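Only one chain comes next, encoded as structure tokens, the form deposited in one PDB entry.
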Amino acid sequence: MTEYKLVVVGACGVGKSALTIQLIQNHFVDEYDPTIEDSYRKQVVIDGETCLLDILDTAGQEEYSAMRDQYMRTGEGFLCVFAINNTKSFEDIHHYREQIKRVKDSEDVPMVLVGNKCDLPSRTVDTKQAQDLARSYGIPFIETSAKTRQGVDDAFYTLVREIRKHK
């Protein structure tokens, strides 16, 4: 029974809490206090292995403090989440990787790029563009919908496998 620490990061409104609550509680919260930053725990079987998931749903202001640095540093993998209909969030994905590589002191930190709200009728970020950025980073890319559960397990579980392969 292994303990895996996952940090879900992303810009304001992308669906971090929505995605996390779906994983933990199997329902869709279409409105959740955006200030609430919590840790959650879930036990799951991933490839026949009982896993202990410690998911940190980040929310707080993107402040750069020594506590926030080691608070993030405890994470083994990071879900980098943008919304497919929010270009500024996708442009943020670069800076997020930068902070991840800094506190972790590594160019090879387990990440998964998540395009959320892929249930939407339209979008302003095309899949090909994100896959390019994912390749240019050497990380997976998953489209998810916290509204319908599409790819939610796929996204989180894939971060776990990326953590496995790191040791």
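Only residues modelled in both forms are compared. If you superpose the two forms and keep the largest set of C-alpha atoms that fall within 1.5 Å, you have the rigid core. All residue numbers are counted from 1 along the displayed sequence.
Another form exists, deposited in another entry; not displayed. Remarks below refer to it.
Superposed on the rigid core, the two forms differ between the shown form and the other one by 2 Å or more at the C-alpha of one listed residue only; from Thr35, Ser136, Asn26, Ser65 that residue is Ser65.
Between the C-alpha atoms of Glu62 and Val7, a gap widened by no less than 3 Å is obtained in the other entry, as opposed to the form on display. Put simply, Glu63 and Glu143 spread apart in the other entry: their C-alpha atoms are 3 Å or more farther than in the form shown. Displacement of the C-alpha atoms by 2 Å or more across three or more consecutive residues between the shown form and the other one, following core superposition, is confined to the single run 60 to 71.
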